[PDB]
Amino acid sequence: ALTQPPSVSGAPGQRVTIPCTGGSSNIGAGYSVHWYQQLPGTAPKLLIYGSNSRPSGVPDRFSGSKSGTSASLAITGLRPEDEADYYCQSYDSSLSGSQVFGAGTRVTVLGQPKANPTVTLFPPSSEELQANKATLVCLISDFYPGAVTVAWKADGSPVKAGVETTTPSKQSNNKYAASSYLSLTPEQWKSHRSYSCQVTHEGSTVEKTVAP
Amino acid sequence: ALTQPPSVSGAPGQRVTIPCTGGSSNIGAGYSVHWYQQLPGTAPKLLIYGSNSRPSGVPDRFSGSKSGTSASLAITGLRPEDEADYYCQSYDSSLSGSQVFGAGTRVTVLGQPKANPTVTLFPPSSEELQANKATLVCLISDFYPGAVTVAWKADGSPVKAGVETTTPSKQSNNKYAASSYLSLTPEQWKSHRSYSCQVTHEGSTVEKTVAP
Amino acid sequence: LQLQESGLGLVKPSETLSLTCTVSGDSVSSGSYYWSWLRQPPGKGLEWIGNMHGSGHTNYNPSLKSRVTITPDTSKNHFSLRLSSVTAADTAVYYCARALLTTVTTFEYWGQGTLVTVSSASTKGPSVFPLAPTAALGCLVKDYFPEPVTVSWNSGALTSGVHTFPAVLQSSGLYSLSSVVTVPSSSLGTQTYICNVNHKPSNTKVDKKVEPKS
Amino acid sequence: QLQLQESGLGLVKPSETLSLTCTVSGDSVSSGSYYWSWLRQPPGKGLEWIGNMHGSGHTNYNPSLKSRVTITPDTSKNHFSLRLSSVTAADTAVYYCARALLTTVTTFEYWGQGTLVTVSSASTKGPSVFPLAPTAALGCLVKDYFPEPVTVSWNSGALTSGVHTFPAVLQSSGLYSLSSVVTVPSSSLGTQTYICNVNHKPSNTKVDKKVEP
Amino acid sequence: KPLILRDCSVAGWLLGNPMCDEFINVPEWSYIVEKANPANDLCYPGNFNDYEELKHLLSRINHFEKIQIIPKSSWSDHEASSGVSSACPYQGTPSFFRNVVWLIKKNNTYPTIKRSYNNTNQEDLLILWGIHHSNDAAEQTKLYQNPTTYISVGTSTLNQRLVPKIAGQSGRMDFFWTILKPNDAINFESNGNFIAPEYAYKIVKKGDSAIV
Amino acid sequence: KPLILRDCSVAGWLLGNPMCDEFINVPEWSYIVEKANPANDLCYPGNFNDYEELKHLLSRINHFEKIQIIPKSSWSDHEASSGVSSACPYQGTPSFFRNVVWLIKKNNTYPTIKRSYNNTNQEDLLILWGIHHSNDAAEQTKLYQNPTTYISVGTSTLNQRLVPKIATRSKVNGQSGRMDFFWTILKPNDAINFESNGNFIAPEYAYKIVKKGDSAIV
Ligand SMILES: *[C@@H]1O[C@H](CO)[C@@H](O)[C@H](O)[C@H]1NC(C)=O
Ligand SMILES: *[C@@H]1O[C@H](CO)[C@@H](O)[C@H](O)[C@H]1NC(C)=O
């Protein structure tokens, strides 16, 4: 196996390097080290192969070296669009041989402006209501950084069960999305004056509300 | 199936009601509705059976009723030690018969004071380091209410991978516990000046730090 | 009267899940009671498996009737559950109970619960690492599957000040937990702190010595 | 343009055989200038190599999988196939197909898009679809399904601009839920029809929903 | 599907002869198939009163819900666990009808029972009980302390006061039944020879049955 | 574990004869087992230069790493995918050695090639190339637009300028032309320089000498 750090970080314009260290039966044996880039929602893509040989569409800024049992991907002139997972690959001569990979390193770009949660709250539909179910749906999109807490309120009083919330996932434009689901009974929905979705992000809370 | 709300809430001393509604082949068909209480870490316990008949050790304040296709557990004089999961039970005459249960309702008691997180942070052990692995352990205990965000920092800059965080769990004393784990490589651990675990709870951020 | 469940913690799919209930006081003979199995799947909700009467007459849940068997062992004060052809749907905390003979059966006395994971993922035992340090010290019980894991300190001789945190479920599907104990700074020292880790599905039994950094 | 696409079952019972095909367009699965390869990505993000296949019928498999893997071509359909026997939960992953150079550290040049495969032996469960009724926002709730994924489109693909399909939540029960929203002009809310098309292949769910104010 | 009583009679079933353990709980039935002279009837020798009348009612019942109306565990001053006879065996051991209780004296004393049960179920309740006619005066004091005893049962529509008629088993038992309408109460009073109710049957489903 | 060439030769293997696809990628070997007169050799007729000398070098090598040094996709002005022959079949179809590329004119023009490769792989690099001696003047122009051509190769320790020798030889495997093949070892940090205006069989893949020690041909 090759070993990478789970994450590295740098500020836009400076340089970051991702180490890849293996052993005497792969990198130390002299085999090439390849690199792949994986953008958040997509398949990996070939980044560097052989001895620092870039496929077309790969910029000069991406550069690979190798010394002894370790290899290194250097990314100079850091841009926010470099935020991806990078995997190193090599050959290992044990047992008729195997292609061998690292566990990926996440590059974080550090100079990035705060974006605030966009929150959309939806009441249960007529169709779901007549099936004697109910679900409030709270959607959070385009915030940075990707840490929120969501609290549901019923007539201003907290509701602490029947909630199902995602952890934030990176979107294609380097901001985060997340969503929260509140399970209710129809008689509960029809009882209260209103329900509220409370989203807290970077010390500021935004509340959306719906009603029967 | 019987259908109950996922949660109800009340303040100490007042009354809360848990509805349990079924159909023409169980409660509507005329069968009894039993009730069970499940405290957070433990097996359920019989609370009410038959027609509002309490086993020894169940107080007067617990009461069941039933009308048509729906039944009801009432709790008067809510005490904090009533915070538990309540399940309703009945018989359904479909297909040679079956014991049948609701999905359970969690009672939350509302007159409860904020408690702040106690945070304990540990550096990696020498044994793990010589196994070419590293893990920082951040432990959060005895806080209320049960909502926190954890942010890991490396030399004050955020680290956004290798983090593994629990969702808070209710303890025996009605407070919460939680923990976060950061995976590192040994040279990452030895390279930076220090790492910090930042825990944010109810508008206060608490930081602990470790170093090699 | 006490009821206690026991049996394998991890079971492969399509095989037969098996549990016994060990009963003490007024035993599975009688004939005044039902001897029952219930269960509780991930994302709770109680589910009934079946009742058995000491006479060998039984009443099973219609969703499972063909897979369930509940039998007594009067000469051992046991009764057993046997659930065949299991799938991930059978993952749950299982309880045994003694019940009244009411048609809406009255589960008067319950066992303690025993987790059973149906998975076909191979079990993996924990790596145990000391969390070095009134002071607090502990154990990291790392990368295991499935639940649960018991941790004790000095073979049970040390209980006051012990907090075993709930496990985390990593993205890999493996668990980690910590157990910490808080001790006098002054004894850190002359007093030895060993933590004992037990993971029955993988026959892992590990001692770890915990000291301050050197 | 060379394009690659994986396809096959999303849910596989354990101990059965996982089977996938890669459909190739813009080059033949002949000739011998390339390796035709499968890789996979388990939860626990790691990339893992499964094997390379050469049109001549020679193969190189991962030694940890050699005994279970099979990669074969179908030249008369421009497919090649992965066949993985005796699967367990350990084989749950996103699987990729790829076309590779003949380098001994093989160079995975062109990749497919990825296909999730869940090995579970839990029964599939299809979603309930409910309209999220409302410039304005509207959408579909795709509730309580297993396993991932679910594809959602609007007006059969005619509407892509302003569409955001959120990642699914994993409930404590082990079921998934997601929402899709599309942002539209208030003025058309109105006279324009908004239909959302939901697909959950392991349970053969194909549901259209009209979304109205 | 029919209820096929095997070698058990209606009395045996409804009273709960340990020989009839197949019918401790019986799913909904269409009609009832009884034999001509069933082997398993009254455990202990005696007579089942208004048997034909009750069998007739059964032609209009499709399912019973058995409930517990007087917990065995609630006889503080009487012995409720040693009322068994080798006439009523269970697994070759002395037992007794499962639905009723043969109360015996505790510490050479049988305090007057003054028990009462209000039908708070929403349905008609079928209740069975009995009286024991002992052999001789000696048997009479050995079981109950009181030589001069009575059974007293009453509802809005029932008035029973019986005196035991003293003269493998050489004594007899009489059994009786009544239907308790919703919201009516039944009152029991005795100072000996009383076979108390433990379980009773809610008449939950009606429509057409028949005895065959 | 030994490398068992079957009916394939050292030349067939290193050039990448389509009949030798078993050896497209070869794990580490102890020694090499070759037959006396192997069936699958130079599928396109010709000669392999300093063959005995290369074989000797192989007696000191335990493993190769195949790298791509000139992407086939990087011949902008030359056609690199139709230099195939019925002498070199793959599944009964026209093919060619896998490790080298038979460049042909594209759009009726064969511009002078001035290519170069610097050895940044940290190990000795084994590089093969060839020249095509065509049948007659007609075939020369059919393939390359230019009737007067040359191959030019040079490193620090190599200076080659070859001219195709046009005349129609007796057919071998359908073919009346020939090919000469050549190889060199490119030391770390040295460069090889390629230049031609026709008849050049270019490198695509080359071999890093990654493992050494005692081997042998048998
Ligand atoms: C071929 O060459 C001519 C003359 O240089 C040029 O104008 C023409 O566009 C070329 N055709 C192609 C397809 O490149
Ligand atoms: C090859 O590259 C190295 C390092 O980039 C350089 O120092 C060397 O001079 C180059 N060789 C030639 C022949 O240009």
# chains A, B, ... in the order shown; residues from 1 in each chain; ligands from 1
call {"tool": "interface_residues", "arguments": {"of": "chain D", "to": "chain A", "cutoff": "7 Å", "atoms": "only C-alpha atoms", "output": "PyMOL selection string"}}
result
chain D and resi 45-49+62-63+105+107-109+111+113-114+130-132+169+171
call {"tool": "select_by_dssp", "arguments": {"residues": "segment 2-200 of chain A", "states": "alpha helix (DSSP H)", "output": "CSV table (one decimal) with C-alpha atoms, in the first residue's frame"}}
result
chain,number,residue,atom,x,y,z
A,126,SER,CA,-51.9,17.1,0.3
A,127,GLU,CA,-51.0,13.7,-1.2
A,128,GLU,CA,-48.8,12.7,1.7
A,129,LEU,CA,-51.3,14.1,4.3
A,186,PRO,CA,-50.9,14.9,10.3
A,187,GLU,CA,-52.7,15.8,13.5
A,188,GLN,CA,-49.5,17.2,14.8
A,189,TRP,CA,-49.1,19.4,11.7
A,190,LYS,CA,-52.6,20.6,11.9
A,191,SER,CA,-52.4,21.3,15.6
call {"tool": "residues_near_ligand", "arguments": {"ligand": "ligand 2", "cutoff": "6 Å", "atoms": "only C-alpha atoms and all ligand atoms", "output": "PyMOL selection string"}}
result
chain F and resi 118+189-191
call {"tool": "residues_near_ligand", "arguments": {"ligand": "ligand 1", "cutoff": "8 Å", "atoms": "only C-alpha atoms and all ligand atoms", "output": "list in words"}}
result
residues 107, 108 and 109 of chain F
call {"tool": "write_last_selection", "arguments": {"atoms": "N, CA and C atoms", "output": "PDB file, in the first residue's frame"}}
result
ATOM      1  N   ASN F 107      -2.438  13.378 -44.961  1.00  0.00           N
ATOM      2  CA  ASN F 107      -2.807  14.404 -45.943  1.00  0.00           C
ATOM      3  C   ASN F 107      -1.700  14.612 -46.963  1.00  0.00           C
ATOM      4  N   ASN F 108      -1.185  13.493 -47.466  1.00  0.00           N
ATOM      5  CA  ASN F 108      -0.266  13.496 -48.589  1.00  0.00           C
ATOM      6  C   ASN F 108       0.971  14.353 -48.332  1.00  0.00           C
ATOM      7  N   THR F 109       1.452  14.295 -47.097  1.00  0.00           N
ATOM      8  CA  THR F 109       2.615  15.062 -46.710  1.00  0.00           C
ATOM      9  C   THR F 109       3.247  14.411 -45.481  1.00  0.00           C
TER      10      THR F 109
END
call {"tool": "residues_around", "arguments": {"residues": "segment 104-118 of chain C", "least_positions_apart": "5", "cutoff": "6 Å", "atoms": "only C-alpha atoms", "output": "ChimeraX atom specification"}}
result
/B:43,46,90-91 /C:3-4,9-13,88,91-99
call {"tool": "atom_distance", "arguments": {"atom1": "atom CA of residue 156 of chain C", "atom2": "atom CA of residue 177 of chain C"}}
result
18.4 Å
call {"tool": "residues_around", "arguments": {"residues": "residue 5 of chain F", "least_positions_apart": "4", "cutoff": "7 Å", "atoms": "only C-alpha atoms", "output": "ChimeraX atom specification"}}
result
/F:9,33-34
call {"tool": "write_last_selection", "arguments": {"atoms": "N, CA, C and O atoms", "output": "PDB file, in the first residue's frame"}}
result
ATOM      1  N   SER F   9      10.066 -14.931 -29.488  1.00  0.00           N
ATOM      2  CA  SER F   9      11.489 -14.687 -29.339  1.00  0.00           C
ATOM      3  C   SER F   9      11.781 -13.475 -28.467  1.00  0.00           C
ATOM      4  O   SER F   9      10.877 -12.733 -28.117  1.00  0.00           O
ATOM      5  N   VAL F  33      13.436 -18.509 -20.494  1.00  0.00           N
ATOM      6  CA  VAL F  33      13.474 -19.745 -21.261  1.00  0.00           C
ATOM      7  C   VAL F  33      13.009 -19.491 -22.683  1.00  0.00           C
ATOM      8  O   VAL F  33      11.840 -19.201 -22.913  1.00  0.00           O
ATOM      9  N   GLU F  34      13.941 -19.526 -23.627  1.00  0.00           N
ATOM     10  CA  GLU F  34      13.611 -19.279 -25.028  1.00  0.00           C
ATOM     11  C   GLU F  34      13.832 -20.557 -25.826  1.00  0.00           C
ATOM     12  O   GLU F  34      14.715 -21.342 -25.500  1.00  0.00           O
TER      13      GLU F  34
END
call {"tool": "interface_residues", "arguments": {"of": "chain C", "to": "chain B", "cutoff": "9 Å", "atoms": "only C-alpha atoms", "output": "NGL selection string"}}
result
:C and (43-50 or 59-63 or 95 or 102-113 or 129-133 or 136-137 or 140 or 165-171 or 176-178 or 213)
call {"tool": "write_last_selection", "arguments": {"atoms": "C-alpha atoms", "output": "PDB file, in the first residue's frame"}}
result
ATOM      1  CA  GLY C  43     -34.263   2.913  13.889  1.00  0.00           C
ATOM      2  CA  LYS C  44     -36.358   1.501  16.742  1.00  0.00           C
ATOM      3  CA  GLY C  45     -39.856   0.040  16.873  1.00  0.00           C
ATOM      4  CA  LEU C  46     -40.723  -3.125  18.716  1.00  0.00           C
ATOM      5  CA  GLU C  47     -41.393  -6.275  16.763  1.00  0.00           C
ATOM      6  CA  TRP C  48     -42.949  -9.499  18.030  1.00  0.00           C
ATOM      7  CA  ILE C  49     -41.414 -12.810  17.050  1.00  0.00           C
ATOM      8  CA  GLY C  50     -43.536 -15.343  18.924  1.00  0.00           C
ATOM      9  CA  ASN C  59     -47.945 -18.599  18.177  1.00  0.00           C
ATOM     10  CA  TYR C  60     -45.572 -16.912  15.734  1.00  0.00           C
ATOM     11  CA  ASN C  61     -45.578 -13.614  13.907  1.00  0.00           C
ATOM     12  CA  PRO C  62     -47.208 -14.203  10.494  1.00  0.00           C
ATOM     13  CA  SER C  63     -44.311 -12.401   8.693  1.00  0.00           C
ATOM     14  CA  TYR C  95     -35.325  -9.503  23.950  1.00  0.00           C
ATOM     15  CA  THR C 102     -53.904 -12.759  27.358  1.00  0.00           C
ATOM     16  CA  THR C 103     -54.639 -12.697  23.599  1.00  0.00           C
ATOM     17  CA  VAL C 104     -53.041  -9.271  23.443  1.00  0.00           C
ATOM     18  CA  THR C 105     -50.075 -10.751  25.180  1.00  0.00           C
ATOM     19  CA  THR C 106     -48.775  -9.045  28.288  1.00  0.00           C
ATOM     20  CA  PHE C 107     -45.028  -8.834  28.300  1.00  0.00           C
ATOM     21  CA  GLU C 108     -44.600  -8.513  32.062  1.00  0.00           C
ATOM     22  CA  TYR C 109     -40.910  -9.313  32.504  1.00  0.00           C
ATOM     23  CA  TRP C 110     -38.207  -8.633  29.901  1.00  0.00           C
ATOM     24  CA  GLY C 111     -34.607  -9.750  29.437  1.00  0.00           C
ATOM     25  CA  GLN C 112     -31.732  -7.306  29.035  1.00  0.00           C
ATOM     26  CA  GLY C 113     -31.310  -7.427  25.254  1.00  0.00           C
ATOM     27  CA  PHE C 129      -4.061   1.989  21.930  1.00  0.00           C
ATOM     28  CA  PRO C 130      -3.532   3.869  25.198  1.00  0.00           C
ATOM     29  CA  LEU C 131      -4.663   7.482  25.475  1.00  0.00           C
ATOM     30  CA  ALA C 132      -1.902   8.854  27.711  1.00  0.00           C
ATOM     31  CA  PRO C 133      -2.654  11.419  30.503  1.00  0.00           C
ATOM     32  CA  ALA C 136      -7.667  11.427  32.804  1.00  0.00           C
ATOM     33  CA  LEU C 137      -6.334   8.438  30.921  1.00  0.00           C
ATOM     34  CA  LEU C 140      -8.700   3.825  22.122  1.00  0.00           C
ATOM     35  CA  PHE C 165     -18.064   6.661  25.186  1.00  0.00           C
ATOM     36  CA  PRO C 166     -20.536   5.500  22.510  1.00  0.00           C
ATOM     37  CA  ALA C 167     -18.860   4.112  19.413  1.00  0.00           C
ATOM     38  CA  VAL C 168     -18.430   6.100  16.236  1.00  0.00           C
ATOM     39  CA  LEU C 169     -19.434   4.481  12.948  1.00  0.00           C
ATOM     40  CA  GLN C 170     -16.777   5.428  10.418  1.00  0.00           C
ATOM     41  CA  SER C 171     -17.383   5.897   6.689  1.00  0.00           C
ATOM     42  CA  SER C 176     -14.124   3.028  17.181  1.00  0.00           C
ATOM     43  CA  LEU C 177     -14.774   3.924  20.811  1.00  0.00           C
ATOM     44  CA  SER C 178     -12.944   5.309  23.762  1.00  0.00           C
ATOM     45  CA  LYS C 213       4.446   9.922  28.173  1.00  0.00           C
TER      46      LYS C 213
END
call {"tool": "residues_around", "arguments": {"residues": "segment 191-196 of chain C", "least_positions_apart": "6", "cutoff": "7 Å", "atoms": "only C-alpha atoms", "output": "PyMOL selection string"}}
result
chain C and resi 139+151-155+206-210
call {"tool": "residues_around", "arguments": {"residues": "residue 3 of chain D", "least_positions_apart": "6", "cutoff": "12 Å", "atoms": "only C-alpha atoms", "output": "NGL selection string"}}
result
:D and (22-29 or 78-79 or 97-99 or 109-113)
call {"tool": "closest_atom_pairs", "arguments": {"of": "chain B", "to": "chain A", "cutoff": "8 Å", "atoms": "only C-alpha atoms", "output": "CSV"}}
result
residue,atom,partner,partner_atom,distance
B:4,CA,A:185,CA,7.6
B:5,CA,A:185,CA,5.6
B:6,CA,A:162,CA,5.2
B:7,CA,A:161,CA,5.4
B:8,CA,A:159,CA,7.8
B:9,CA,A:159,CA,7.5
B:106,CA,A:161,CA,6.8
B:108,CA,A:160,CA,7.3
B:147,CA,A:149,CA,7.4
B:148,CA,A:149,CA,7.6
B:149,CA,A:147,CA,7.2
B:157,CA,A:110,CA,7.9
B:159,CA,A:7,CA,6.8
B:160,CA,A:7,CA,6.7
B:161,CA,A:7,CA,5.4
B:162,CA,A:6,CA,5.5
B:183,CA,A:6,CA,7.3
B:184,CA,A:5,CA,6.5
B:185,CA,A:5,CA,5.7
B:188,CA,A:5,CA,7.4
B:203,CA,A:203,CA,6.9
call {"tool": "write_last_selection", "arguments": {"atoms": "C-alpha atoms", "output": "compact mmCIF listing (two decimals), in the first residue's frame"}}
result
# COMPACT_ATOMS: atom_id res chain seq x y z
CA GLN B 4 -47.79 7.14 16.91
CA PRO B 5 -45.96 10.48 16.65
CA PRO B 6 -42.17 10.24 16.71
CA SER B 7 -42.09 12.84 19.55
CA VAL B 8 -44.12 14.82 22.08
CA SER B 9 -42.81 17.35 24.58
CA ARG B 106 -40.08 9.87 22.46
CA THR B 108 -38.96 15.19 25.77
CA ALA B 147 -26.12 19.73 19.56
CA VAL B 148 -22.46 20.47 18.84
CA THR B 149 -20.16 21.17 15.90
CA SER B 157 -5.93 26.39 9.81
CA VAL B 159 -8.43 20.39 8.49
CA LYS B 160 -11.26 19.04 6.45
CA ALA B 161 -10.64 15.30 6.12
CA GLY B 162 -9.91 12.26 8.25
CA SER B 183 -6.84 10.52 11.41
CA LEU B 184 -3.34 11.80 10.67
CA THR B 185 -0.12 10.44 9.23
CA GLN B 188 1.82 15.31 9.62
CA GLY B 203 -22.97 29.97 21.05
call {"tool": "closest_atom_pairs", "arguments": {"of": "chain D", "to": "chain F", "cutoff": "9 Å", "atoms": "only C-alpha atoms", "output": "CSV"}}
result
residue,atom,partner,partner_atom,distance
D:31,CA,F:90,CA,7.9
D:32,CA,F:90,CA,7.8
D:33,CA,F:98,CA,6.8
D:54,CA,F:21,CA,8.3
D:56,CA,F:21,CA,6.7
D:57,CA,F:22,CA,8.9
D:58,CA,F:22,CA,6.3
D:59,CA,F:22,CA,8.9
D:60,CA,F:25,CA,8.7
D:101,CA,F:68,CA,8.1
D:102,CA,F:24,CA,7.1
D:103,CA,F:66,CA,4.9
D:104,CA,F:66,CA,5.2
D:105,CA,F:65,CA,7.6
D:106,CA,F:67,CA,9.0
call {"tool": "interface_residues", "arguments": {"of": "chain E", "to": "chain C", "cutoff": "8 Å", "atoms": "only C-alpha atoms", "output": "PyMOL selection string"}}
result
chain E and resi 21-22+24-25+65-68+90-91+98+199
call {"tool": "write_last_selection", "arguments": {"atoms": "C-alpha atoms", "output": "short mmCIF file (atom, residue, chain, number, x, y, z; two decimals), in the first residue's frame"}}
result
data_model
loop_
_atom_site.label_atom_id
_atom_site.label_comp_id
_atom_site.auth_asym_id
_atom_site.auth_seq_id
_atom_site.Cartn_x
_atom_site.Cartn_y
_atom_site.Cartn_z
CA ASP E 21 -53.46 -26.03 26.16
CA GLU E 22 -53.87 -25.99 22.37
CA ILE E 24 -54.95 -21.16 25.44
CA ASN E 25 -55.11 -18.65 22.60
CA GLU E 65 -60.13 -11.50 23.38
CA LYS E 66 -58.89 -13.01 26.64
CA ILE E 67 -57.98 -10.48 29.30
CA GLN E 68 -56.75 -10.72 32.87
CA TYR E 90 -50.32 -30.90 33.27
CA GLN E 91 -47.23 -32.79 32.10
CA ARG E 98 -55.84 -22.10 33.75
CA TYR E 199 -59.08 -14.56 32.94
#
